[PDB]
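Reading through the structure tokens given below for one structure.
Just so it is clear, none of the values below were taken in a lab; they were calculated from the coordinates. As a convention, Cβ positions derive from the backbone with ideal geometry for all residues, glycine included, and neighbour counts pool all protein chains shown.
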Amino acid sequence: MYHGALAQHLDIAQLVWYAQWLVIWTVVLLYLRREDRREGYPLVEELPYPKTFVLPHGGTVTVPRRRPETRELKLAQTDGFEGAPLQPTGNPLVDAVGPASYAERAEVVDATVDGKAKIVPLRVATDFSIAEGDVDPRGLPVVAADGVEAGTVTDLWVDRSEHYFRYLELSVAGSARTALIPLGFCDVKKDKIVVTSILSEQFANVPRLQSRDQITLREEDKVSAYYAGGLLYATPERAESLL
Amino acid sequence: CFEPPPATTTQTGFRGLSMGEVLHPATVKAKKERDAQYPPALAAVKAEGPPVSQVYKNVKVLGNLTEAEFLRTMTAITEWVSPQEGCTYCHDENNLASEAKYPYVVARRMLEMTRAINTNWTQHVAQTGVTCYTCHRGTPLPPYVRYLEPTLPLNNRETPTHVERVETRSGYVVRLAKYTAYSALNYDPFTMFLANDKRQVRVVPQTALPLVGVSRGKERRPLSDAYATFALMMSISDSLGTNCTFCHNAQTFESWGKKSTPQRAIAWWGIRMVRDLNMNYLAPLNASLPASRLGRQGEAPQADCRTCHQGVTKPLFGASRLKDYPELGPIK
Amino acid sequence: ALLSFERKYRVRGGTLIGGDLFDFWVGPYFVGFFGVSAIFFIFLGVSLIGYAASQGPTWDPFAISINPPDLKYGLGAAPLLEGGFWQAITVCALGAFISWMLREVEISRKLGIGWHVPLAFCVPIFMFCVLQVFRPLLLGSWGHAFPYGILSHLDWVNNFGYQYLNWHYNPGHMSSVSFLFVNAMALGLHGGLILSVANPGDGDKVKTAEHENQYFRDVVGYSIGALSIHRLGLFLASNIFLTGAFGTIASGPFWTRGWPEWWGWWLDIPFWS
Amino acid sequence: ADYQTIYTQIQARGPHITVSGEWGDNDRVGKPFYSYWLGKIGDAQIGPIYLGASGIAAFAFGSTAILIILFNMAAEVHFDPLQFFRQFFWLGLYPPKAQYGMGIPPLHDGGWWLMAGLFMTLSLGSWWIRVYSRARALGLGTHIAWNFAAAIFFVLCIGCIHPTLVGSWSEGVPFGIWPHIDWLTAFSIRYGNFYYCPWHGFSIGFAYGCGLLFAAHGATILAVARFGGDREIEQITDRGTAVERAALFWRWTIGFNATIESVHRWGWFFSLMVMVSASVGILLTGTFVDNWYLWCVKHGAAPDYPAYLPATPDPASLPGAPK
Ligand code: BCB
Ligand code: BCB
Ligand code: BCB
Ligand SMILES: C/C=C1\c2cc3[nH]c4c(c3C)C(=O)[C@H](C(=O)OC)c4c3nc(cc4[nH]c(cc(n2)[C@@H]1C)c(C(C)=O)c4C)[C@@H](C)[C@@H]3CCC(=O)OC/C=C(\C)CCC[C@H](C)CCC[C@H](C)CCCC(C)C
Ligand SMILES: CC(C)=CCC/C(C)=C/CC/C(C)=C/CC/C(C)=C/CC/C(C)=C/CC/C(C)=C/CC/C(C)=C/CC1=C(C)C(=O)c2ccccc2C1=O
Ligand code: HEM
Ligand code: HEM
Ligand code: HEM
Ligand SMILES: CC(C)=CCC/C(C)=C/C=C/C(C)=C/C=C/C(C)=C/C=C\C=C(C)\C=C\C=C(/C)CC/C=C(\C)CCCC(C)C
Ligand SMILES: [Fe+2]
């Protein structure tokens, strides 16, 4: 007589082994993979009940999203194949195609817990200041990928929810306008601001703000994607093979 | 801190199992040069003459041998036991028959012991066998001896520190871990396994499922038995300068056959031999040895794994003096 | 065939070598030059695995095992059925891992994103090299490495772990385990926190990033942040093998005794011995 | 390459934010101080910290649990403070040595061990309330509490549950650095190699899986940090280019993709199953399985190797061999 020895040559440890592979594949295939499908569907070129989230500052938004107007893509196919790559028809930086593509986000300024505009410059965020030890970029030139001074940083844009700098505001030389850039595209020096993403002649076409003192989520995508396009589209050599 | 490359490794299992010894070429060569100090065999003597039973006054074991062989034996015995003092360590200078000193009566019991190992315990010692030197190494007190409690250092020739001394209770774990090869196993494998046949080493069941009547409550053996088995094996592995793979496929330590090497069987006969020597031979001599040689609980120093091996899988690297001295076993 | 946003991202460029020739998609999969080599490495490997398995004793997945050569062969060429099969799968495996990484480099360049993912995959490749190539090289044979089997490679770790008495005591293993536990714990904390804010339950409002920072300040007192958690998460995950690579390599070429015995730089210091 | 992902090049400072909860807004203690070097790799602010009726009690039960073991560690080194610091790692509190069953172990043999574990249970139990109530006070989900509950569920399986099933308090985990390390070998020996337990195999798969997930996800979010991939809350409700590029990397790599929120469910479920599968293993260990190797031999899962060195029969089964 053995502890766990039931009928046949089977044991309790054998039965649970099946029940283990039962619950796992159930959670994996009938739940986890279904939740993986709440964004990016249906298939262009098994589905779950579209989930609802009550927003922090009044209202709701359902995933996945359906917009009232479509964005035409200025691209043309390279060949007649289905998985064939696409080629930019003009300037990919302004048309926003490929690595320059921004998502179809809402045109509202991000908000803190207390409602206030999250991403604001130090002129709107007066109580915020730079920590002792790091460089103050206000008054330092911005040298582009080709080694040319594209402009000068005038102010800093801070996230009022996490206490973390995100953007650098610089007035473009020979443009009289101000252009934003995510800190990820910058190498902080004490005398200069190093940007290898785009050319100096391409600092003028950086997506323009609707307001000087506030930024919306869609505008935060337009700017961030613009410099990401330059990684592959700044010089006619950044598109072809390295070797 | 680190043992410089390269390292000598062997294969004890099927390729890809990573079974085999992991050895340092400097450590082993330091061990061979210590073991090579083995005194060579004495010159061949005359076999013609009357046995020493008729010749001498007090001989009860080696009585069949000739006077030429008996003196040779005693000359060899001195070279392995007490060479720093000589004949007079166990004898009175004027009287070689009298048993006035303590190292005489112990020696005669040790003779019947040494003969027994090379006659009866040949499954372990084989044609290699053992002599007086294998443990004593030219000293009256064997370097590696065990009491009823863990002591430091392992080699008793070394001068101990205050904490390492058995008197200071602050360094008990220090004496406890070093015998179990630097492991915090709170179990002495000598007093529970190596001293007597009271405890079973094997703790792993031979059934895939727990039998009803042994696996519930007080019916069960405590987990402490699995700890102590592991504590014993550590003492075993460190004493032979090797690891588990030398005798086990780590896949299953309990199973024999392809999972066990031919050395694991020898090791098993090693456990059964050590106990017989401890109980029948190395336990009743506490009245024969002085109060200075005794431990704390009135016990005589007893042997284990390292007593002959001293850090090698074979004691003295396969050195045999069995044919050279037939008077130490096997006995016809 | 594509996601509701995929079309605009599917563009030419990003390949290291091959150019426009290999730049396209097979279903959802991207290829590239290293997609061709990878598949080749995967194909030739599994083919030789399917060739070695029919030469074996059984067909049970748990029991299927292909083993390295004997230790007496050294680092020379071994017979096909005597560890030679294993010698070919290793190179095929390595090539498949190397090409898969560089394929992910070809994907990251196309999306205009960071190179963090394919650089994180260099760690498990690096650890695979320590076990299969690096440590065997210092010893002098290909036989020290693990076999390719579902249950058989567990017995390799078993013996190799037991070869130095106790493997838990290994300093490189200790920190290796330390980072394995601290990374899994953090993923349970991070994965749970993101779901807690997004899903408060019933008809309650989704909270803010200040609620993220408030929770841990109330539970443990210190929060790392929203960006820094993914930095440390990558850090705690990488340092499982980073510290583990030094525990494995020392066992043998740099240490022959047991790993509990390695703790003899602390206990046997003359002033407290 | 991004430098912000490596370290914070420019750190931001301001007045601290206090989110009001349902209860206990005055229980926050500690004047906030800021570190510059910690701000490079994380957040500069350290403090404040909440106590509450669930936090202090856990420290009260925790300290008592630790005081028992530390007093038992000092008794092994005979009150010697110099030998306490030297042998600290080897020191520990042990379960009952002899077999007694399920009665209360004697003070000197597993008695203090049972008490230290009892104050341990109430310490982890009161801390779970702290993990649970804080989320309920701030209007969040109880996901973290449930992941903590499964973690607590595994500790008691190797703490009190397994000893209750078999009927022996000696089965438990000793306290200490090396003593608890020694248990992992002693428990793997008794039940015939823990490699052949499928649930040990599952838990390892999830323990490794959490390593793979965090090395992937952690690197993935850092790769899209230039787009705002760190702001995950605003990426779930409003799909941004950050999570669009994050999902399309894996789709072109492996064939399929998760979402921004669902991949956190992947990381949570994997974390959960490190404790769930581990608990089921220990529950079967001792109660329904005596040997885990022979179980894989009984079902034929276990593999077999040829004998390099001559096959070695058991010398105990020989006719006339000593017991
Ligand atoms: C006898 C048993 C001991 C032992 C023996 C041991 C050894 C010998 C070694 C470890 C090592 C390690 N052990 Mg340890 N161990 C560990 C955990 C660990 C890890 C932290 C660490 C590193 C693992 C590794 O190197 O993976 C390596 C993973 C690799 C190489 C994966 C490669 C990935 C590859 C590139 C991708 C694969 C692609 C596929 C082919 C594609 C599949 C696609 C499919 C879906 C179609 C825990 C948590 C415990 C506990 C709880 O006690 C423990 C106890 C023990 N270990 C016992 C004491 N352990 C290792 C270490 O570093 O420590 C020093 C190590 O070498
Ligand atoms: C000390 C470290 C070693 C170790 C010790 C170890 C232990 C102790 C345990 C495992 C387990 C596992 N190991 Mg393993 N291991 C494996 C394979 C495996 C998996 C079958 C399994 C799950 C691990 C996991 O979830 O990972 C994360 C990956 C995930 C989640 C993706 C799914 C991958 C899938 C599980 C792997 C399937 C492999 C197939 C056999 C396919 C083979 C390729 C084909 C095409 C030829 C591979 C392929 C490698 C490589 C490439 O190096 C490796 C490295 C090591 N393992 C180190 C050498 N491993 C567990 C097991 O269940 O074994 C029975 C287990 O308990
Ligand atoms: C001889 C050694 C074997 C062994 C013995 C072993 C045992 C006995 C057990 C495991 C278990 C496990 N082993 Mg294994 N093991 C593992 C890894 C693992 C884990 C996946 C799994 C669970 C460990 C865990 O997460 O607990 C670490 C996490 C813990 C303990 C949670 C702690 C959280 C806690 C609530 C917080 C407490 C801290 C507080 C601050 C302190 C407060 C207390 C105060 C009051 C005093 C690997 C990767 C390997 C390899 C590479 O071979 C391996 C090989 C071995 N293990 C050898 C074969 N292993 C466990 C398992 O899965 O069960 C079947 C298990 O029970
Ligand atoms: C910090 C380190 C952590 C980490 C991190 C990351 N991990 C990553 C990435 C990051 C970032 C990705 O970029 C990449 C990926 O795509 O995302 C899923 C990946 C991947 N990690 C995989 C497995 C994995 N991760 C493990 C561990 C950790 N991951 C640790 C914790 C382990 C363990 C523990 O064993 C395993 C088995 C694959 C799923 C995938 C490789 C795909 C490949 O390279 O395809 C190409 C190769 C194949 C399709 C197979 C090739 C066929 C050969 C010729 C035949 C096989 C021979 C084989 C050697 C025989 C052995 C079998 C035997 C033992 C039974
Ligand atoms: C058809 C063909 C051969 C064409 C040729 C082209 C070619 C080379 C094809 C390759 C074919 C091959 C070999 C395919 C196999 C690919 C592999 C290795 C698949 C392994 C599948 C397994 C078992 C994965 C387990 C890992 C796991 C738990 C995944 C689930 C969680 C996911 C999806 C994580 C990925 C993921 C992460 C990590 C995010 O951070 C993130 C952030 C924001 C949005 C989405 C995501 C996201 O999806
Ligand atoms: C080379 C130096 C030695 C010589 C020449 C020598 C000589 C002798 C002689 C002549 C006898 C027999 C006395 C008699 O009864 O008439 C004897 C007996 C004995 N001596 Fe020695 N002895 C020597 C060293 C030792 C040593 C070192 C030991 C102990 C290790 C020892 C122990 C014994 C024993 C046990 C007997 C009894 C004989 C027996 O029954 O086997 N002797 N010795
Ligand atoms: C420290 C490393 C070692 C470990 C962890 C280990 C493991 C084990 C375990 C767990 C058992 C008991 C299994 C059962 O219930 O049957 C065992 C038995 C045994 N092992 Fe080892 N082993 C080690 C090293 C060695 C070495 C070096 C030898 C050879 C000198 C050896 C020889 C034996 C023998 C003879 C037995 C049978 C015990 C008896 O019946 O008396 N082991 N081993
Ligand atoms: C329980 C304690 C002991 C264990 C487990 C043990 C284990 C072993 C093992 C595994 C071997 C095989 C080595 C090989 O052939 O490569 C061996 C050989 C040997 N042992 Fe021991 N040993 C122990 C104590 C002793 C003692 C007390 C003696 C003295 C009587 C001794 C004398 C020898 C000799 C002379 C050999 C070599 C015989 C041969 O050629 O195989 N050992 N021992
Ligand atoms: C009938 C009733 C009364 C009985 C049932 C009671 C019950 C539920 C019992 C269950 C007992 C349990 C859960 C036992 C579990 C024990 C376990 C899993 C122990 C595991 C590990 C223990 C470890 C790693 C030991 C840790 C100890 C130390 C690190 C030592 C000292 C502590 C420190 C150095 C930290 C102090 C911090 C200092 C810097 C201020
Ligand atoms: Fe995340």
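Shielding by partners for C:22-29, please: the mean number of other protein chain Cβ atoms within 10 Å of each residue's Cβ.
Values: counts 1, 4, 7, 7, 4, 4, 10, 6.
For this peptide, the per-residue mean of nearby foreign Cβ atoms is 5.
Dipole magnitude of the range A:137-216 about its Cα centre, charges +1 at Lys/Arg Cβ and -1 at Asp/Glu Cβ only, in debye to the nearest 20? All intermediate terms of the calculation are to be shown ahead of the outcome.
Details: 9 positive and 10 negative charges, 28 e Å.
The dipole magnitude comes to about 140 debye.
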Inset, instruction - Using a 10 Å cut-off on Cβ to Cβ distances, tally the other chain neighbours for every residue of D:79-91 and report the average as a whole number. - result: 5
Inset, instruction - Could you pull out every residue, at least 5 positions away or on a different chain, whose amide H is within less than 5 Å of the one on A:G151? Hs are placed 1.01 Å off N in the peptide plane, and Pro or chain starts have none. - result: A:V142, A:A173
Legend entry - Most to least packed among D:173-183, D:51-61 [average Cβ atoms within 10 Å]: D:173-183, D:51-61
Inset, instruction - Return the FRET efficiency for the residue pair A:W21, C:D60: r is the Cβ-Cβ distance, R0 is 22 Å, and the value is rounded to the nearest 0.05. - result: 0.85
Legend entry - Fraction in percent of alpha-carbon pairs per bin - 20 Å, the protein assembly as shown: 10, 33, 31, 17, 7, 2, 0
Inset, instruction - Take the eigenvalues of the Cα gyration tensor for chain B, scale each by 5, and report the square roots as semi-axes in whole Å, largest first. - result: 37, 24, 21
Legend entry - Two-site label geometry, D:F153 and D:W23: point separation in nm, points 7 Å out along Cα→Cβ: 2.7 nm
Legend entry - C-alpha center-to-center spacing [the range D:125-165, the range B:283-318] in angstrom: 54 Å
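Residues with beta-carbon under 15 Å from that of D:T185, excluding D:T185: net charge, scoring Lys, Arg +1 and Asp, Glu -1? Mind dumping the intermediate values first?
Numbers: positive: D:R190; negative: B:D225, B:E254, D:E171, D:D182.
Neighbourhood net charge equals -3.
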Legend entry - A:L30-B:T88 pseudo-label distance in nm [points 7 Å out on the Cα-to-Cβ vector]: 9.5 nm
Inset, instruction - May I ask you to list the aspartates and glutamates whose Cα is less than 12 Å away from that of A:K189, ignoring any residue fewer than eight positions away on the same chain? - result: A:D134, A:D136
Inset, instruction - Would you mind computing, in nm to one decimal, how far apart the modelled labels at D:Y208 and B:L141 are, each placed 7 Å from Cα along Cα→Cβ? - result: 5.4 nm
Inset, instruction - Could you pull out every one of the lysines with an alpha carbon less than 24 Å from that of B:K323, ignoring same-chain neighbours closer than 8 positions? - result: B:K32, B:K46, B:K60, B:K314, B:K332
Inset, instruction - Would you mind ranking D:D314, A:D213 by Cβ crowding within 10 Å, fewest neighbours first? - result: A:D213, D:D314
Legend entry - Exercise: per-residue mean of other protein chain Cβ atoms within 10 Å, A:103-113: 5
Inset, instruction - Using packing as a proxy for protection, rank D:111-120, A:93-102, C:253-262 so that the peptide with the highest average count of other Cβ atoms within 10 Å comes first. - result: A:93-102, C:253-262, D:111-120
Legend entry - Sum of -39500 (n - 2.57) over DSSP H runs of 4+, divided by residues of chain B (222 nm, nearest 500): -8500 deg cm²/dmol
Legend entry - Sorted by Cβ density within 10 Å, fewest first, the residues B:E254, A:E240, D:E171: A:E240, B:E254, D:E171
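Arrange C:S37, D:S317, B:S260, D:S35 by Cβ neighbour counts within 10 Å, fewest through most, would you? Mind showing how you got there, number by number?
On the way: C:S37 17, D:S317 8, B:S260 26, D:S35 12.
With the sparsest Cβ surroundings first, the list reads D:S317, D:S35, C:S37, B:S260.
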Inset, instruction - When you have a sec, figure out the Kirkwood radius of the range B:146-202 from all distinct Cα pair distances and drop it here in Å to one decimal? - result: 12.1 Å
Legend entry - Cut-off 15 Å, label 7 Å out along Cα→Cβ of C:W265, residues of the range D:78-97 by amide N: none
Inset, instruction - Give the long-range amide H neighbours of A:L170: residues separated by 5 or more places, or on another chain, with amide H under 5 Å away, using H modelled in the peptide plane at 1.01 Å from N. - result: A:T154, A:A179
Legend entry - Cα-based reach from D:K31 at 24 Å (exclusive), listing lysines while leaving out same-chain residues under 8 positions away: D:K40
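State which helices in chain C qualify, where a helix is a whole DSSP H run, it must extend 15 Å or more along its own axis by its Cα atoms, and its mean Kyte-Doolittle hydropathy must be at least -1.0.
Values: long enough: C:33-52 (29 Å, 2.15); C:85-108 (35 Å, 1.06); C:152-162 (16 Å, -0.57); C:171-198 (41 Å, 1.24); C:209-219 (16 Å, -1.61); C:228-250 (33 Å, 1.18).
For chain C, where a helix must reach 15 Å along its axis and average at least -1.0, the hits are C:33-52, C:85-108, C:152-162, C:171-198, C:228-250.
Report, in deg cm²/dmol and to the nearest 500, the calculated mean residue ellipticity at 222 nm for chain D, where each DSSP H run with n ≥ 4 adds -39500 (n - 2.57) and the sum is divided by the residue count. List each step's numbers first, then the result.
Working: 12 runs with 166 residues, N = 323.
That comes out to -16500 deg cm²/dmol.
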Legend entry - Charge context of D:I10, other residues only, Cβ under 10 angstrom, K/R +1, D/E -1: -2
Inset, instruction - For n ≥ 4 DSSP H runs only, could you compute -39500 (n - 2.57) per run for chain C, divide by its residues and tell me the 222 nm figure to the nearest 500? - result: -16000 deg cm²/dmol
Inset, instruction - Within the range C:122-166, which residues have the backbone N less than 16 Å from the label spot 7 Å out from B:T10 along Cα→beta-carbon, could you tell me? - result: C:163-164
Inset, instruction - Find how many whole Å separate the alpha carbon centroid of the range A:164-243 from the alpha carbon centroid of the range C:143-168. - result: 53 Å
Inset, instruction - Take the alpha-carbon centre of the range D:191-254, take the same for the range B:38-92, and report the distance between them in whole Å. - result: 80 Å
Inset, instruction - Of all alpha-carbon pairs in chain D, indicate the percentage at a distance above 30 angstrom. - result: 57 percent
Legend entry - J(HN,Hα) series, the range B:140-149, from Karplus relation 6.51 cos²θ - 1.76 cosθ + 1.60, nearest Hz, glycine and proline x: x, 9, x, x, 9, 10, 10, 9, 7, 8
